[PDB]
Peer 1: 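Before I ask anything, let me first share the structure, which is written out below as structure tokens.
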Amino acid sequence: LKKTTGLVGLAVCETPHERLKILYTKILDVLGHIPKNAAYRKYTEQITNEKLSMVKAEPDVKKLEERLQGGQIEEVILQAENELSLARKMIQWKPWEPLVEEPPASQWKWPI
Amino acid sequence: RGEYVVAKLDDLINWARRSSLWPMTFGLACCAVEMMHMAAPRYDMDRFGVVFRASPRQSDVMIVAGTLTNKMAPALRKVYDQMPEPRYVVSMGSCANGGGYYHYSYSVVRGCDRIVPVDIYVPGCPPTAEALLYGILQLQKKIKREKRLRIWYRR
Amino acid sequence: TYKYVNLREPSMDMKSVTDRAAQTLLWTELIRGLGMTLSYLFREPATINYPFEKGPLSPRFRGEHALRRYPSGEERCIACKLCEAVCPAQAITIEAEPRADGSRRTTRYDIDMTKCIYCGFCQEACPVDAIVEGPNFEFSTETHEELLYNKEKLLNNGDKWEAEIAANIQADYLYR
Amino acid sequence: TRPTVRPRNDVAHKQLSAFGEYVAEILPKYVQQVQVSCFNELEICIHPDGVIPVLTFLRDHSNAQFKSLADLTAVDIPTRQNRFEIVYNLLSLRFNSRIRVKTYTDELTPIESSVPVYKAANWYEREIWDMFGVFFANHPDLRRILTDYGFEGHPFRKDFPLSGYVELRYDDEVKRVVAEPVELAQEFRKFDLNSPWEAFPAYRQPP
Amino acid sequence: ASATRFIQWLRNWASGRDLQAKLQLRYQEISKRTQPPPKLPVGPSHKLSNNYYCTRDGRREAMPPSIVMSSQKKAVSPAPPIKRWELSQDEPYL
Amino acid sequence: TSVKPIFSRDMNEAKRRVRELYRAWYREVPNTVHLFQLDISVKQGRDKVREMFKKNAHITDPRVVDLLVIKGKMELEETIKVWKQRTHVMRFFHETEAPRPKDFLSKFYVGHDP
Amino acid sequence: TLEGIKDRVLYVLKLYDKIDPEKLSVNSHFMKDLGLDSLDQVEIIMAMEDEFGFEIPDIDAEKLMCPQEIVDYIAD
Amino acid sequence: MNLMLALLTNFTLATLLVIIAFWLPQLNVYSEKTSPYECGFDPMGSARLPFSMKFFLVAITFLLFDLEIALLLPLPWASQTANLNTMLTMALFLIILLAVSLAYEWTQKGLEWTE
Ligand SMILES: CCCCCCCCCCCCCCCCCC(=O)OC[C@H](COP(=O)([O-])OCC[N+](C)(C)C)OC(=O)CCCCCCCCCCCCCCCCC
Ligand SMILES: CCCCCCCCCCCCCCCCCC(=O)OC[C@H](COP(=O)(O)OCCN)OC(=O)CCCCCCCCCCCCCCCCC
Ligand SMILES: CCCCCCCCCCCCO[C@@H]1O[C@H](CO)[C@@H](O[C@H]2O[C@H](CO)[C@@H](O)[C@H](O)[C@H]2O)[C@H](O)[C@H]1O
Ligand SMILES: CCCCCCCCCCCCO[C@@H]1O[C@H](CO)[C@@H](O[C@H]2O[C@H](CO)[C@@H](O)[C@H](O)[C@H]2O)[C@H](O)[C@H]1O
Ligand code: SF4
Ligand code: SF4
Ligand code: SF4
């Protein structure tokens, strides 16, 4: 087991495989309440399932870290927690809805 | 003779004051880096009797080493007022001399001599450490010329 | 590649533990630091004896400004105002008119030395090597007004310093 | 490889374009324009209502991870009815990438404070308020940061004069530093530099 | 350089280093303050032919930004994930 | 004409914020004079506060009123915490500036400014 | 102590110099009769908070426009 | 006498130096010069406001420990006693109880400053 993650304040996780399975499964559950055709759901389910596949099929932490390309396994756990927090927030924002308002005529024209 | 005595007494106090100049630990911007290089071993301002002291109550000279902004102006005037007399101001660098590169800014004082009286103006941006040392030695020779007791005698 | 600056595990063999106990109780690493300052006490100091000795400089040094002449004595400046246009500080002020012999010459050429940032752009911009920054850095004054140079002051600087300025330009003009 | 010409990195341009429409697909409620410059910088132009949703998504989404707010600034363009353009420059360490998010506002319209997303944004928003007068809603502590105490105006606006309106000096009668209308011994000399000949045909605007 | 032998020994011992091999005061190993004149090279555009400016004009190749989307399939990231750094083989631990 | 509010939804709500700010300034003047050791009286300080509120009496835009109140609160905070110095407090009284008469003739004699 | 409040309140309105005591009555409206404006009224309300030593919210304060209506208010 | 003469001379010499220091130099007193110092800006609040003491418990312990040394300083004289068995036992006893009290205050976190 790792003695240290190397990043100050990031504690080493004793059970990273199970923790990742909990988090990705939670992320998928939250996406279920997002509309099917929302691009956030389709993309996040796709990339979330890839990580869940890699955790299930790879028992060694170091070999799993190489597959995930997310840094330390504790870094990957934190990213999963961040994605789960974003998915909940997305439900109230509903950014899949059409553009709230067009900008004025020359709002983005440069040079003036 | 009274004149001979006050002439010699002027030399003593003038010698003591210029031989023991303590600048206030006061720096503002880039010019303070060259001021740091005057204290550094190559020039060793300490060897002339020039020693930094933090407290204005224990300072004889204010070296305005850098830009004076409007927000800073009341503070600079405050610590100048809090220096016991006699006290001297050396203006270092274009910013302190007259605004320099920021002369036309809305936030800069166009010369520290709008705020305090200035004894010596050291030109440059920044003046070399040697140029500042030349300015300090110029201040010393100004103090050497003072005639306080001679003028008092003829009052 | 990276390296760790502080990720090492002290050994726990009795000799190493005692070595550290002696360090803690006998102040061995503090005594060691005293040795370093002692060695400096007996090193020759780096101080130079200003003003009898001077810090080294190079021909490119940017100091007090000066207006130069041709060997005949005619002014090099022909009032093109390139130095005035480039000056980052707007330190230069120029007026010009046809001279009594028709020459294109300045009637005003001021440098506010309290505005100037001693950047040397003016001498880069000058097409005739008229305005230069000379090697003088010992010209601090007792009044602000003494640092507002007009054309007479700048020409006097050129006449005062031309011997050094010409030699400094000779050493460096092939890098320009 | 012409020696004096900056080389083109086409791989980055393709990668940033792909991610550009990736963000537009996911946040259509807010994204108004996406562009990639010829030196491979991706800019996302959004409606101001989407400052928190867009920034939160870029920080938190697993395919973005823009964890660092490199810079937050404003630009004043007086000819626009929304004269202030607010610019977020973000950095992604995971993907070694940068992205710029831009929105807009006017003198009287507040922008949501993004401190809840990036704690770095605290002082950047104080600077924008100080120098441009843009108000940020729900800022924990919004006040001047750069200008003098009691300073009036927002200096970085294009119509604020370079030398301001007041200057300082010490007045012996009142024994304090005073502020008075600005007079310059030498007025700043305005230079008209632009050549009357077009330089870059590629950027010509239609007549 | 002018220190006596005993003084050199004393300060060598005190510091634990041989201080005479790397003195911090400069003597004669520094360059002469007068040098021969240079003869600097020219650049790649110094030619008399095949040198039309329009073929070497970087500014006129700059283009307005490509509009990807305006308001007038696999997930992607801005770039591939960053490769993990390797430990130094010069000196991994300080 | 549909715009995002700052705080107040209408001038009636805005005027409430103004009154609360006026109370805060009115209460603070005695503290400012005492703490800063000013040589003006509390009446002068409160008259000046009234003068500053009066110059903006003609505003009818709730968003503009809200921004004036926000700045008023910031100015008050600078004073209460002695971030301002005596020079900053006294700048409201323009003590060192000579009167500029407003009659046509007086301007005519002195220069070209209208 | 209703009877005494009509004296306390009128005691304050007399100190506030802008008021003319001859023109002042327990029913004189601050705006129309006494020639005051919103900020003067606000200042009056602050003086009342001192004598009776309690806070009068703005929602409450704005309704008090005559010396009488304050007395009715203090009673509660 | 010698002692009182020596003390009087020292403190008179110091007093004369202060008298010269105040009456010899030229003075120029005004309000800003004599204002309290705080790095250029006016102080916020009186310097007489309470200043919390985070080592208050060590300070009280100092009183108790400072009296122990009054009990110990006679030890050089007590060592001249013929009854050295009792004296050595009571000397060691007193110092140990001082050490025990120190160890108690240490283990109970009395020597850590309040945060
Ligand atoms: C370890 C202790 C060290 C002690 C060191 C003692 C210092 C030894 C050197 C003494 C030099 C002589 C003193 C001159 C310095 C005076 C300060 C000064 O600059 O004033 C300028 C002033 C200048 O005054 P002024 O009239 O020209 O102008 C000032 C007024 N305005 C501001 C309007 C311009 O000189 C004097 O006023 C008088 C000078 C007299 C010099 C003779 C001094 C006599 C000493 C007796 C003083 C009476 C009090 C008794 C003190 C104890 C006596 C020893
Ligand atoms: C026959 C039986 C015999 C029985 C008796 C035997 C007794 C002898 C054996 C006992 C041990 C002997 C040494 C005791 C000396 C005191 C040691 C000591 O107190 O050092 C510890 C102290 C704390 O060090 P620290 O690492 O910070 O903390 C420890 C972990 N808590 O460390 C420090 O004090 C740091 C001090 C910092 C300030 C130092 C500044 C000066 C350093 C240079 C001084 C050189 C000494 C010169 C002395 C001159 C004497 C005239
Ligand atoms: C928290 C409570 C802690 C209490 C700790 C008490 C510790 C006391 C330890 C014993 C100290 C004295 O120890 C005792 O000293 C006496 C004399 O000094 C010694 O006595 C010895 O010297 C004396 C004379 O000097 C002779 O009379 C005697 O014949 C000889 O044996 C004892 O041999 C020794 O046992
Ligand atoms: C007869 C006199 C000589 C005998 C020594 C008498 C003094 C004894 C001192 C106390 C001894 C035991 O009491 C003390 O308890 C605390 C627990 O908080 C320990 O203290 C602990 O935290 C402090 C602060 O970080 C540090 O000292 C140390 O890192 C750690 O050990 C001490 O290591 C231990 O010494
Ligand atoms: S004068 Fe030049 S070096 Fe000195 S503070 Fe100003 S800009 Fe910096
Ligand atoms: S050195 Fe620079 S700032 Fe000074 S006059 Fe020349 S161009 Fe202007
Ligand atoms: S650039 Fe040279 S020639 Fe032209 S105005 Fe300046 S000094 Fe004169």
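All values below were derived from every heavy atom in this structure, side-chain atoms included, with hydrogens, water molecules and symmetry-related copies excluded. A, B, ... follow the sequence lines: proteins, then strands. Residue 1 opens every chain.
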Peer 1: Does any non-hydrogen side-chain atom of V90(B) lie less than 4.5 Å from one of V118(B)?
Peer 2: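 Side-chain contact under 4.5 Å: no.
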Peer 1: Counting only N and O atoms by type, is there a donor-acceptor contact under 3.5 Å from the side chain of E133(C) to the main-chain atoms of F61(C)?
Peer 2: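 No, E133(C) side chain to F61(C) backbone: no donor-acceptor pair under 3.5 Å.
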Peer 1: Check the angle between the aromatic planes of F160(D) and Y106(B) and answer parallel, tilted or perpendicular using the 30° and 60° thresholds.
Peer 2: perpendicular
Peer 1: Angle between ring planes, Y121(B) versus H144(C), binned at 30° and 60°: parallel, tilted or perpendicular?
Peer 2: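 The arrangement is tilted - the two ring planes meet at 30° to 60°.
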Peer 1: Does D112(C) reach the main-chain N or O of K115(C) with its side chain, forming a donor-acceptor pair under 3.5 Å?
Peer 2: yes
Peer 1: Do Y88(B) and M62(B) make a side-chain contact, defined as non-hydrogen atoms from C-beta onward lying under 4.5 Å apart?
Peer 2: no
Peer 1: Quick check on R26(E): does its CZ atom have over 12 non-hydrogen neighbours (other residues, nucleotides or ligands) under 6.0 Å away?
Peer 2: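 No, CZ of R26(E) has 12 or fewer neighbouring heavy atoms, counting only those of other groups under 6.0 Å.
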Peer 1: Between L38(F) and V89(F), is any pair of side-chain heavy atoms under 4.5 Å apart?
Peer 2: yes
Peer 1: For the CD atom on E146(C), are there more than 12 heavy atoms of other groups (residues, nucleotides or ligands in this structure) within a distance under 6.0 Å?
Peer 2: yes
Peer 1: Under 4.0 Å between a side-chain nitrogen and a carboxylate oxygen: does that hold for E32(H) and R176(D)?
Peer 2: no
Peer 1: Please check if any side-chain donor atom of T73(D) sits under 3.5 Å from a side-chain acceptor atom of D71(D), or the reverse.
Peer 2: no
Peer 1: OH of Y50(C) to CG of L133(B): how many Å apart, nearest 0.5 Å?
Peer 2: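 Interatomic distance, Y50(C) OH to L133(B) CG, rounded to 0.5 Å: 6.0 Å.
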Peer 1: Give me the ring orientation class for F139(C) and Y118(C): parallel if the planes are under 30° apart, tilted from 30 to 60°, perpendicular past 60°.
Peer 2: tilted
Peer 1: Rounded to the nearest 0.5 Å, what's the gap from CD1 on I13(B) to CH2 on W15(B)? Could you check?
Peer 2: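 One finds 12.5 Å between CD1 of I13(B) and CH2 of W15(B).
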Peer 1: Sub-3.5 Å donor-acceptor pair from the side chain of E64(C) to the main-chain atoms of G134(C), do we have one?
Peer 2: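 Checking the backbone N and O of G134(C) against the side chain of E64(C), no donor-acceptor pair under 3.5 Å is found.
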Peer 1: Look at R144(D) together with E78(F) and state whether they make a salt bridge at an N to O cut-off of under 4.0 Å.
Peer 2: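 A salt bridge is present here (some side-chain N lies under 4.0 Å from a carboxylate O).
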Peer 1: With no hydrogens and no angle check, do the side chains of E84(C) and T93(C) hold a donor and an acceptor under 3.5 Å apart?
Peer 2: no
Peer 1: Using a cut-off of 6.0 Å, state whether more than 12 heavy atoms not belonging to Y30(H) lie near its atom OH.
Peer 2: yes
Peer 1: The test is ring pair (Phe, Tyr, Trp, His ring centres under 6.0 Å); show your working for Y149(D) and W83(F) and say whether it passes.
Peer 2: CA-CA 8 Å; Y149(D) 303 106; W83(F) 297 345; 7.4 Å; no
Peer 1: Less than 4.0 Å between a side-chain N and a carboxylate O, is that true for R126(D) and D130(D)?
Peer 2: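 No, this pair does not count.
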Peer 1: Are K54(C) and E138(C) ion-paired here, with the side-chain N under 4.0 Å from a carboxylate O?
Peer 2: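 Answer for the salt bridge query: yes.
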Peer 1: Work out which heavy atom in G135(B) is nearest to a heavy atom in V122(B); give both atom names and the distance.
Peer 2: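 Shortest heavy-atom contact: CA-CG2, 4.2 Å.
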Peer 1: When you measure from the side chain of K48(F) to the backbone of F92(F), do you find a donor-acceptor pair of N or O atoms at a distance under 3.5 Å?
Peer 2: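 Indeed, once roles are kept as given, a pair shorter than 3.5 Å links the two residues.
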Peer 1: Regarding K81(F) and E77(F), does a basic nitrogen lie under 4.0 Å from an acidic carboxylate oxygen?
Peer 2: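 Counted as a salt bridge, because a side-chain N and a carboxylate O are separated by less than 4.0 Å.
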Peer 1: Quick check on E53(C): does its CD atom have over 12 non-hydrogen neighbours (other residues, nucleotides or ligands) under 6.0 Å away?
Peer 2: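 Yes - once you tally the heavy atoms of other residues, nucleotides and ligands closer than 6.0 Å, there are more than 12.
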Peer 1: How about NZ on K144(B), more than 12 heavy atoms from neighbouring residues, nucleotides or ligands closer than 6.0 Å, or not?
Peer 2: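 Open.
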Peer 1: Is the shortest distance from a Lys or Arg side-chain nitrogen in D119(B) or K142(B) to a carboxylate oxygen in the other one below 4.0 Å?
Peer 2: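 Salt bridge present between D119(B) and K142(B).
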Peer 1: Let me confirm one number: the CE-CH2 distance from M53(H) to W113(H), rounded to the nearest 0.5 Å.
Peer 2: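 If I round to the nearest 0.5 Å, the distance is 9.5 Å.
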Peer 1: Ignoring hydrogens, what is the shortest heavy-atom contact between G133(D) and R157(D)? Give both atom names and the distance.
Peer 2: CA-NH2, 4.0 Å
Peer 1: Under 4.5 Å between any side-chain heavy atoms of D42(H) and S35(H), yes or no?
Peer 2: no
Peer 1: May I ask you to decide if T69(B)'s main-chain N or O and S107(B)'s side chain share a donor-acceptor pair within less than 3.5 Å?
Peer 2: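 Pair absent, no side-chain N/O of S107(B) close to backbone of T69(B).
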Peer 1: Donor-acceptor pair, distance only, cut-off 3.5 Å: does the side chain of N150(C) make one with the backbone of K153(C)?
Peer 2: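 Here the side-chain-to-backbone pair exists.
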Peer 1: What heavy-atom pair brings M92(B) and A96(B) nearest, and what distance separates the two atoms?
Peer 2: O-CB, 3.3 Å
Peer 1: What verdict does the side chain to side chain donor-acceptor pair (under 3.5 Å) test give for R43(C) and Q24(E), after you've listed the backbone C-alpha separation in whole Å, the side-chain angles of each residue and the deciding distance to 0.1 Å?
Peer 2: CA-CA 10 Å; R43(C) 288 178 219 196; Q24(E) 60 218 115; 2.9 Å; yes
Peer 1: Measure across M35(B) and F52(B) and return the closest heavy-atom pair with its distance rounded to 0.1 Å.
Peer 2: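 Closest approach of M35(B) to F52(B): SD-CZ, 3.7 Å.
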Peer 1: Taking the side chain as C-beta and beyond, is there a heavy-atom pair between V89(B) and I120(B) under 4.5 Å?
Peer 2: no
Peer 1: Counting only heavy atoms not in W22(B), do more than 12 fall under 6.0 Å of its CH2?
Peer 2: no
Peer 1: Among all residues two or more places apart in sequence or in another chain, which pass the side-chain hydrogen bond (donor to acceptor under 3.5 Å, both in side chains) test with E85(B)?
Peer 2: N28(H)
Peer 1: Under 4.5 Å between any side-chain heavy atoms of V108(B) and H103(B), yes or no?
Peer 2: no
Peer 1: With a distance cut-off below 6.0 Å to the six-membered ring centre and an angular limit of 45° from the axis, does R77(B) pair with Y170(D) as a cation-pi contact?
Peer 2: yes
Peer 1: Working note: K78(B) + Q85(F), criterion side chain to side chain donor-acceptor pair (under 3.5 Å); need CA distance, chi angles, decisive distance, verdict.
Peer 2: CA-CA 11 Å; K78(B) 169 68 78 158; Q85(F) 304 291 288; over 6 Å; no
Peer 1: In the structure I gave you, are the side-chain heavy atoms of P86(B) and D60(B) within less than 4.5 Å of one another anywhere?
Peer 2: no
Peer 1: Is the shortest distance from a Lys or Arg side-chain nitrogen in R150(B) or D10(B) to a carboxylate oxygen in the other one below 4.0 Å?
Peer 2: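 Looking at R150(B) and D10(B), the cut-off is met.
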Peer 1: Between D44(B) and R42(B), is there a salt bridge with N-O shorter than 4.0 Å?
Peer 2: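 Looking at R42(B) and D44(B), the cut-off is not met.
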Peer 1: Counting only N and O atoms by type, is there a donor-acceptor contact under 3.5 Å from the side chain of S105(B) to the main-chain atoms of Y102(B)?
Peer 2: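 Flag not set: sc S105(B) to bb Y102(B) has no pair under 3.5 Å.
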Peer 1: Please check if any side-chain donor atom of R53(B) sits under 3.5 Å from a side-chain acceptor atom of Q58(B), or the reverse.
Peer 2: yes
Peer 1: Decide whether a cation-pi geometry holds between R87(B) and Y80(B); the criteria are a distance under 6.0 Å from NZ or CZ to the six-membered ring centre and an angle within 45° of the ring axis.
Peer 2: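 Yes.
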Peer 1: Can a donor-acceptor pair be found, under 3.5 Å and without considering hydrogens, that links the side chain of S94(B) to the backbone of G124(B)?
Peer 2: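 Judged by distance alone, yes, a pair lies under 3.5 Å.
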Peer 1: Out of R86(F), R91(F), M90(F), which residue meets the side chain to side chain contact (heavy atoms under 4.5 Å, CB included) rule with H88(F)?
Peer 2: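 The option that passes is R91(F).
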Peer 1: Between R145(B) and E142(C), does a salt bridge (charged side-chain N to carboxylate O under 4.0 Å, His left out) hold up when you go through it step by step?
Peer 2: CA-CA 13 Å; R145(B) 284 200 301 279; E142(C) 303 196 3; 2.8 Å; yes
Peer 1: Is a donor from one side chain sitting under 3.5 angstrom from an acceptor on the other, for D171(D) and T96(F)?
Peer 2: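 The criterion, which ignores hydrogens and geometry beyond distance, is not satisfied for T96(F) and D171(D).
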Peer 1: Can you name the closest pair of heavy atoms from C116(C) and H65(C) and give their distance?
Peer 2: SG-CE1, 3.4 Å
Peer 1: Backbone N or O of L34(C) within a donor-acceptor pair of the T37(C) side chain at under 3.5 Å?
Peer 2: yes
Peer 1: Taking the side chain as every heavy atom from C-beta outward, state whether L146(D) and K71(B) have any pair of such atoms under 4.5 Å apart.
Peer 2: no
Peer 1: Check whether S20(B) reaches the backbone of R17(B) with its side chain - one donor and one acceptor, N or O, closer than 3.5 Å.
Peer 2: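 Judged by distance alone, no pair lies under 3.5 Å.
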Peer 1: Provide the closest heavy-atom pair for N97(B) versus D113(B) in the form atom of the first, atom of the second, distance.
Peer 2: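 Heavy-atom minimum between the residues: O-OD2, 4.4 Å.
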Peer 1: I want to know whether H154(D) and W129(D) have ring centres closer than 6.0 Å.
Peer 2: yes
Peer 1: If you round to the nearest 0.5 Å, how far is CG of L76(B) from SG of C112(B)?
Peer 2: 7.0 Å
